[PDB]
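Encoded as structure tokens, the structure appears first; notes follow it.
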Amino acid sequence: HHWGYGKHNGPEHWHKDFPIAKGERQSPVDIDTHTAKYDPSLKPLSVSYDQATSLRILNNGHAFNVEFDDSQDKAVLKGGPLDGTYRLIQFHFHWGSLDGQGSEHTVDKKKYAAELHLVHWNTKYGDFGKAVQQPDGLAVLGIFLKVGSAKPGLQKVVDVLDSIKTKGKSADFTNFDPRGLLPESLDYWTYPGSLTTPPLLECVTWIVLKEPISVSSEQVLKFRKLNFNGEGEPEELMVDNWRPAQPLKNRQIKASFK
Ligand SMILES: NS(=O)(=O)c1ccc(NC(=O)CN2C(=O)NC3(CCCCCC3)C2=O)cc1
Ligand SMILES: [Zn+2]
């Protein structure tokens with residue numbers, strides 16, 4: 001596939017190779033804070049990252065992924081809307097060319113500067129490849145980024161980006177603690193949706209935190225120096241790697257909080 005975020009290969013083209021792009025539970029969506037309803041049936045959200053084992057950072061030509069050892073139950077997400085145990089396998093971000101855009105989800109049509117996706121797969125399906133074939137296969141924890149004060153726990157990510165500037169470059173990224181990327185509050189919205197990149201599989205329980213994290217202008221400027229292209233190819237800055245809001249269709253967004 002040759003999908004990306006340009007005029008010629010961007011989100012409006014994706015449906016030709018990935019017809020589910022026009023499906024019934026696509027992501028991201030706008031979160032209308034007034035029509036999202038408090039659900040008392042939601043159990044407490046459990047983010048258990050104490051034993052998280054990061055291994056590597058990869059520039060995959062669409063974003064950069066911090067990859068985890070998911071060979072055991074070391075870093076898991078449970079509770080909230082979730083049945084059973086979801087294992088952390090990677091995180092990445094989507095971000096803008098300028099501070100006024102970059103998030104995939106929106107909140108009353110507001111766009112944040114960036115959005116962090118912590119990707120977990122349901123352990124009842126045994127591996128990630130099997131889990132993406134199921135409607136409850138994945139849980140993605142989405143966290144908004146606004147530009148303000150630096151996020152101390154982000155800086156180790158920022159400082160390695162120089163070593164993975166281009167598509168296909170990776171670097172060792174051991175002993176990174178993803179708990180440093182969380183906000184104080186775990187208040188969330190949740191809805192059923194999809195991967196936000198091809199293959200756009202309708203396999204995700206979305207859990208979007210209400211409280212954004214603050215990152216510095218200097219931190220997000222370093223995200224924007226990455227390249228979509230490979231080494232020795234024409235430089236295309238890795239910016240505006242976000243899919244816009246998709247139709248909500250027959251879905252309800254539920255709030256964990258009143
Ligand atoms: N924007 S999104 O909705 O959160 C979204 C979330 C996940 C995906 N897709 C994947 O994670 C597919 N995939 C990678 O890219 N890396 C792998 C994980 C790292 C461990 C080694 C296996 C490879 C993997 O399984 C696409 C969109
Ligand atoms: Zn994502």
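Starting from 1 in every chain, residues are counted up; chains themselves are A, B, ... following the order of the structure tokens, and ligands are numbered from 1 as listed.
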Which residues of chain A come within 10 Å of ligand 2, and for each one, what is the closest pair of atoms and their distance in Å to one decimal, counting only C-alpha atoms and all ligand atoms, sorted by chain and residue number, as CSV?
```
residue,atom,partner,partner_atom_place_in_ligand_line,distance
A:27,CA,ligand 2,1 (Zn),9.7
A:28,CA,ligand 2,1 (Zn),9.2
A:62,CA,ligand 2,1 (Zn),9.7
A:63,CA,ligand 2,1 (Zn),8.4
A:65,CA,ligand 2,1 (Zn),9.5
A:90,CA,ligand 2,1 (Zn),10.0
A:91,CA,ligand 2,1 (Zn),7.9
A:92,CA,ligand 2,1 (Zn),6.2
A:93,CA,ligand 2,1 (Zn),6.1
A:94,CA,ligand 2,1 (Zn),6.3
A:103,CA,ligand 2,1 (Zn),9.5
A:104,CA,ligand 2,1 (Zn),8.0
A:115,CA,ligand 2,1 (Zn),7.7
A:116,CA,ligand 2,1 (Zn),7.0
A:117,CA,ligand 2,1 (Zn),5.0
A:118,CA,ligand 2,1 (Zn),8.1
A:119,CA,ligand 2,1 (Zn),8.1
A:140,CA,ligand 2,1 (Zn),8.2
A:141,CA,ligand 2,1 (Zn),9.6
A:142,CA,ligand 2,1 (Zn),8.2
A:195,CA,ligand 2,1 (Zn),7.2
A:196,CA,ligand 2,1 (Zn),6.0
A:197,CA,ligand 2,1 (Zn),7.2
A:241,CA,ligand 2,1 (Zn),9.2
A:242,CA,ligand 2,1 (Zn),8.1
A:243,CA,ligand 2,1 (Zn),9.1
```
Hey, can you spit out that residue selection with C-alpha atoms as a JSON list (two decimals), in the first residue's frame?
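Written output follows (result.json):
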```json
[["chain", "number", "residue", "atom", "x", "y", "z"],
["A", 27, "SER", "CA", -12.39, 6.40, 14.35],
["A", 28, "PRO", "CA", -11.61, 9.06, 15.35],
["A", 62, "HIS", "CA", 3.51, 7.28, 9.39],
["A", 63, "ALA", "CA", 4.51, 7.97, 13.05],
["A", 65, "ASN", "CA", 6.13, 3.57, 17.70],
["A", 90, "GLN", "CA", 3.10, 0.01, 21.57],
["A", 91, "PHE", "CA", 2.43, 3.70, 21.88],
["A", 92, "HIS", "CA", 2.66, 6.47, 19.28],
["A", 93, "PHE", "CA", 1.41, 10.00, 18.62],
["A", 94, "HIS", "CA", -0.42, 11.95, 15.95],
["A", 103, "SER", "CA", -5.28, 15.40, 17.48],
["A", 104, "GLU", "CA", -7.50, 12.77, 15.82],
["A", 115, "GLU", "CA", -2.74, 12.85, 20.65],
["A", 116, "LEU", "CA", -0.99, 9.86, 22.34],
["A", 117, "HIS", "CA", -2.33, 6.35, 21.63],
["A", 118, "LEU", "CA", -1.34, 3.55, 24.10],
["A", 119, "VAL", "CA", -2.32, 0.36, 22.19],
["A", 140, "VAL", "CA", -6.54, 2.23, 22.81],
["A", 141, "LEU", "CA", -5.99, 4.76, 25.59],
["A", 142, "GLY", "CA", -6.02, 8.21, 23.95],
["A", 195, "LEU", "CA", -7.84, 1.74, 13.99],
["A", 196, "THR", "CA", -7.34, 5.35, 12.71],
["A", 197, "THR", "CA", -4.84, 4.17, 10.01],
["A", 241, "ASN", "CA", -0.31, 12.58, 10.50],
["A", 242, "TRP", "CA", -3.93, 12.65, 11.84],
["A", 243, "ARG", "CA", -7.20, 11.32, 10.41]]
```
Contacts of residue 87 of chain A within 6 Å, only C-alpha atoms, excl. fewer than 5 positions in-chain, as a ChimeraX atom specification: /A:75-76,120-121
Kindly save the residues from that selection, with N, CA and C atoms included, as a compact mmCIF listing (two decimals), in the first residue's frame.
```txt
# COMPACT_ATOMS: atom_id res chain seq x y z
N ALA A 75 2.47 -5.07 31.48
CA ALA A 75 1.82 -3.75 31.45
C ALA A 75 0.43 -3.97 30.88
N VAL A 76 -0.60 -3.76 31.68
CA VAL A 76 -1.98 -4.09 31.24
C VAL A 76 -2.95 -2.96 31.58
N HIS A 120 -3.31 -1.52 23.34
CA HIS A 120 -3.39 -2.78 24.12
C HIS A 120 -4.22 -3.81 23.36
N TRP A 121 -3.85 -5.08 23.44
CA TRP A 121 -4.65 -6.16 22.80
C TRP A 121 -5.22 -7.10 23.86
```
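By only C-alpha atoms, and with residues fewer than 6 positions from residue 67 of chain A along its chain excluded, the set lying at most 8 Å from it is residues 54, 55, 56, 57, 58, 89, 90 and 91 of chain A.
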Output file for the selection above: C-alpha atoms, as a tab-separated table (two decimals), in the first residue's frame:
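The result, written out as part_39.tsv:
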```tsv
chain	number	residue	atom	x	y	z
A	54	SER	CA	9.90	-0.98	26.49
A	55	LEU	CA	12.30	-2.37	23.85
A	56	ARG	CA	12.62	-0.23	20.73
A	57	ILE	CA	11.48	2.96	18.92
A	58	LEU	CA	10.69	2.69	15.20
A	89	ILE	CA	2.17	-3.53	22.82
A	90	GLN	CA	3.10	0.01	21.57
A	91	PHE	CA	2.43	3.70	21.88
```
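Using only C-alpha atoms and all ligand atoms, the nearest neighbour of ligand 1 within the list A:95, A:68, A:257, A:125 is A:68.
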Point-to-point distance from atom CA of residue 85 of chain A to atom CA of residue 206 of chain A, Å rounded to tenths: 14.8 Å
Best match for closeness to ligand 1 among A:52, A:47, A:88, A:209, counting only C-alpha atoms and all ligand atoms: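 The answer is A:88, which sits nearest to ligand 1.
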